[PDB]
């Protein structure tokens, strides 16, 4: 049962679809484990009634900082890895996608535990760029996740199923998350413990 037909069209139905511009980014982001790595995740959706093409996702952490020399930098900006090194930030965006940032040694979240998170003053800006297919007109969409909108120990509720030849997207579940057993340690300490043996 193919997703993409030989003629370039998709066997996808967008069901239970709400203002279009509220189905671009999930209201919340989540942190939980995937294949042994702690990941920060958010969901992104296509434009309704118009497919987005040449799509790419980027993310910036905005967070005040002070250098060791004492320079205060208000709302310092730094790039959050969501696939730039591998080309995974170039999206094939038909049905909604969970974008995943692996919290590793290069992530600004490396040292942040479940207990520490709500004490942080931070904001993740997410930026989706691309082009309207039918128009060749460029577009950008943006949103953000402040500290309280990042849910530790949660995954996204899946939205995609296969029904009678159509891959069905239930947009009623676009924004929904559920709790799952998750460590409360920071990624750094989780790794250190795995490395012991």
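Positions refer to the first chain, counted from 1.
Asker: Please count the deposited residues lying between residue 17 and residue 18 that the model leaves without coordinates, and give the class: none, 1 to 3, 4 to 9, or 10 or more.
Answerer: Just 1 to 3 residues are missing between them.
Asker: Which is higher on average in the deposited entry, the C-alpha temperature factors of 181-189 or of 18-26?
Answerer: According to the entry, 18-26 carries the higher average C-alpha B-factor.
Asker: Comparing 44-52 with 143-151, where is the mean C-alpha B-factor higher?
Answerer: Result: 44-52.
Asker: Which of these, 59, 38, 160, 62, has its C-alpha atom at the highest B-factor, as the entry lists it?
Answerer: Each of 59, 38, 160, 62 was compared by C-alpha B-factor; the highest is 160.
Asker: For the chain shown, is the CA B-factor of residue 172 in the lowest, middle or highest third of its modelled residues?
Answerer: CA B-factor rank for residue 172: highest third.
Asker: Is residue 32 in the lowest, middle or highest third of its chain when residues are ranked by C-alpha B-factor?
Answerer: According to the entry, residue 32 has a C-alpha B-factor in the chain's lowest third.
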